[PDB]
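Shown next as structure tokens: one chain only, the form deposited in one PDB entry.
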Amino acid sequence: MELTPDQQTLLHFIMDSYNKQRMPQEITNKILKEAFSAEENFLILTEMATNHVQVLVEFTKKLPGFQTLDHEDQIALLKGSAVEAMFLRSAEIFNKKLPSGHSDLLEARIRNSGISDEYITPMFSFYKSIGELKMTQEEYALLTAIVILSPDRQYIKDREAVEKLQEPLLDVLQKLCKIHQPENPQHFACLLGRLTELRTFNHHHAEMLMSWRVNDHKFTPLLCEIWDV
């Protein structure tokens, strides 16, 4: 029932890799410090996302067995997960406990950033529903690894090789849930259910980006490839 020495090892190693990301406080201090125009916020988003993808690629290469997969399957797994991982990490940041009144200003700054009304509602519904789950740092790290190692991605040639890498992560996540929240037995199924919500963000992503209230939508060359814009 408890984590085996192997599972604790995999867990601590996943956590250390995940924590090499840009710190939440760094992101929120900037946003909370002062109100920027839509033009400036779009520039902040593209620089944040470029750095996120760069760190995501590094975290992915350290996932056990990923480097043994077919080079074309590796590209499809990364391209297919980059948007979901950005929204999952943004939800983590959004839900970080801050001093009284700060998270309300954060929500106000994000609502007034330049994103269109059509995309604010599903975005905030996701962040709140993530918030209710009260996820630990390990749950966010394992869930990100599970999102990346999704065997059921379009343009994947060898699905079982991916399934074999994801299954030990699913098993660690389940045990973690059955220990951190014994009073909520659906917690594990409910985390996995939120992944189905993340997939919908990826399908309308190009449209969400182009509907930002700016005069010109400039992207970096790495984002052009990853976001298909």
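One rule holds for the numbers: they count along the sequence shown, beginning at 1. The term rigid core refers to the maximal set of C-alpha atoms that superpose within 1.5 Å between the two forms.
Student: Per the PDB record, is the mean Cα temperature factor higher over 53 to 61 or over 195 to 203?
Tutor: Comparing 195 to 203 with 53 to 61, the higher mean C-alpha B-factor belongs to 195 to 203.
Student: May I ask you to compare 68 to 76 and 81 to 89 by their mean CA B factor in the entry and name the higher one?
Tutor: According to the entry, 68 to 76 carries the higher average C-alpha B-factor.
Student: Which of these has the highest Cα B-factor in the record: 41, 166, 174, 181?
Tutor: Of 41, 166, 174, 181, 181 has the highest C-alpha B-factor.
Student: Where does residue 119 sit by CA temperature factor within its chain: lowest, middle or highest third?
Tutor: It belongs to the middle third of the chain when residues are ordered by C-alpha B-factor.
Student: Could you look up the Cα B-factor of residue 17 in the entry and say which third of the chain it sits in: lowest, middle or highest?
Tutor: It belongs to the lowest third of the chain when residues are ordered by C-alpha B-factor.
Student: Based on the entry's values, in what third of the chain does the Cα temperature factor of residue 45 lie: lowest, middle or highest?
Tutor: For residue 45, the deposited C-alpha B-factor lands in the lowest third.
Student: Taking the C-alpha B-factors as the PDB entry records them, is residue 162 in the lowest, middle or highest third of its chain?
Tutor: Middle third by C-alpha B-factor.
Student: Using the B-factors in the PDB entry, rank residue 104's C-alpha atom against the chain and give the third, lowest, middle or highest.
Tutor: Tercile = highest for this residue's CA B-factor.
Below, we refer to the form deposited in another entry, which is not included among the displayed structures.
Student: After superposing on the rigid core, which residue among 28, 60, 166, 174 shows a C-alpha displacement of 2 Å or more between the shown form and the other one?
Tutor: Correct option: 28.
Student: Establish whether a shift of 2 Å or more occurs at the C-alpha of residue 116 between the shown form and the other one, with the two forms superposed on the rigid core.
Tutor: Yes, residue 116 moves 2 Å or more.
Student: C-alpha of residue 197: shift of 2 angstroms or more between the shown form and the other one, rigid core aligned?
Tutor: Comparing forms between the shown form and the other one, the residue 197 CA shifts below 2 Å.
Student: Taking the rigid core as the superposition reference, indicate whether the CA of residue 150 shifts 2 angstroms or more between the shown form and the other one.
Tutor: Superposed on the core, residue 150 moves its C-alpha less than 2 Å between the shown form and the other one.
Student: Flagged pair residue 91/residue 99: C-alpha distance shifts by 3 angstroms or more in the other form. Which direction, closer or farther?
Tutor: Compared with the shown chain, residue 91-residue 99 is closer in the other form.
Student: Given a CA distance change of at least 3 Å, are residue 34 and residue 53 closer or farther in the other form?
Tutor: The answer is closer, because the C-alphas of residue 34 and residue 53 approach each other in the other form by 3 Å or more.
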